[PDB]
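First, one chain by itself: the form deposited in one PDB entry, in structure tokens.
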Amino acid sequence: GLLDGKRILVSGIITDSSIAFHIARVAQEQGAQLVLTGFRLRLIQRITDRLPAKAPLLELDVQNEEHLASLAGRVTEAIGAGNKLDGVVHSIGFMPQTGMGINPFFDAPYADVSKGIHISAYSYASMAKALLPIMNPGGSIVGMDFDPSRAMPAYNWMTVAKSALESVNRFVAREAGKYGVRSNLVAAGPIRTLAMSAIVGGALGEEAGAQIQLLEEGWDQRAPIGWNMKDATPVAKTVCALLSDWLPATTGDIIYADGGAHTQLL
């Protein structure tokens, strides 16, 4: 058991195709006791019933100030007073279709970009602010990322939200360090979630479906060890490695679980 006895909060489960669902499943397989958060709760309760073990499901809208202000208290009620968190998983991402997809880069209104940056980047800090007081020293906060160091088609303002998230992670590390807590991001390669498969199937047109297929083919080609977009397990394992006590001198950083694709040009 890699995470034996650890109490880990896991956000971002929407379906059993979510990266967070696999992070939760692998953490439970490694002995961690989970607390799950979710923004449609009826679907969430049905989805999480497919996890190896039972886990309390708390409601969390990262834009709702009341949900965040009460979060530490609601978590303590779920795990019991006298207990604290050893880990936190931020697997939350959102960008309206005006800022991500087929809409031209310049045509995204700032109100939609601002909402995307609030959920995808600012929420990493507001979740750390809420949960650090109830975290044990030696704990770990892990956020999900997708390498934004180079521009690419369709991802557009979500790439901008990820460049902001990377900057936020380095400042969250400064704050988290005071609690003896690490803060890191996992830059994952593309994973065929329900929305990603729908895009490949033509939900966003044949040009967006071709650009995503080209990105996926190129990812597997550049990755020295290959990249299977239908397998979320290598990413979930990497998040568990950062949640464990086996990367204890790593903080404010990014671990690439992308098959090594970002290290190769061709």
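The first residue of the sequence shown is number 1, and the count goes up from there. Think of the rigid core as the biggest set of C-alphas that the two forms share within 1.5 Å after superposition. Shifts are known only where both forms have a C-alpha.
Undergrad: With residue 219 and residue 220 adjacent in the shown sequence, let me know how many deposited residues between them lack coordinates: none, 1 to 3, 4 to 9, or 10 or more.
TA: Missing in between: none.
Undergrad: Looking at the deposited entry, does 236-244 or 40-48 carry the larger mean Cα B-factor?
TA: Averaging CA B-factors over each stretch, the winner is 40-48.
Undergrad: Higher average CA B factor in the deposited record is what I'm after, so tell me if that's 161-169 or 131-139.
TA: Higher mean C-alpha B-factor in the PDB entry: 131-139.
Undergrad: Taking the values exactly as deposited, rank residue 101 by C-alpha B-factor within its chain and report the matching third: lowest, middle or highest.
TA: Its C-alpha B-factor belongs to the highest third of this chain's values.
Undergrad: Mind checking which third residue 250 falls in for C-alpha B-factor across the chain?
TA: Lowest third of the chain for residue 250's C-alpha B-factor.
Undergrad: Using only modelled residues of the chain, where does the Cα B factor of residue 14 rank: lowest third, middle third or highest third?
TA: Its C-alpha B-factor belongs to the highest third of this chain's values.
Undergrad: Pull the Cα B-factor of residue 8 out of the PDB entry and bin it into the chain's lowest, middle or highest third.
TA: Ranked within chain, residue 8 CA B lands in the middle tercile.
Undergrad: Looking at the temperature factor on the CA atom of residue 80, which third of the chain's modelled residues does it land in?
TA: It falls in the top third of the chain.
Heads up, the form deposited in another entry isn't pictured, but that's what we're talking about next.
Undergrad: Any idea which of 69, 198, 53, 225 has its C-alpha shifted 2 Å or more between this form and the one not shown with the rigid core fixed?
TA: Flagged residue: 198.
Undergrad: Knowing the shift is 3 Å or more, I'd like to know if the C-alpha atoms of residue 203 and residue 107 are closer or farther apart in that other deposited form than in the shown chain.
TA: Compared with the form shown here, the C-alpha atoms of residue 203 and residue 107 sit closer together in that other deposited form, by 3 Å or more.
Undergrad: Since the C-alpha distance between residue 98 and residue 203 changes by 3 Å or more in that other deposited form, give its direction relative to the shown form: closer or farther.
TA: Those two alpha carbons end up closer in that other deposited form.
Undergrad: Superposing on the rigid core, where do three or more consecutive Cα atoms all move 2 Å or more between this form and the one not shown?
TA: Three-plus residue run displaced between this form and the one not shown: 194-206, uniquely.
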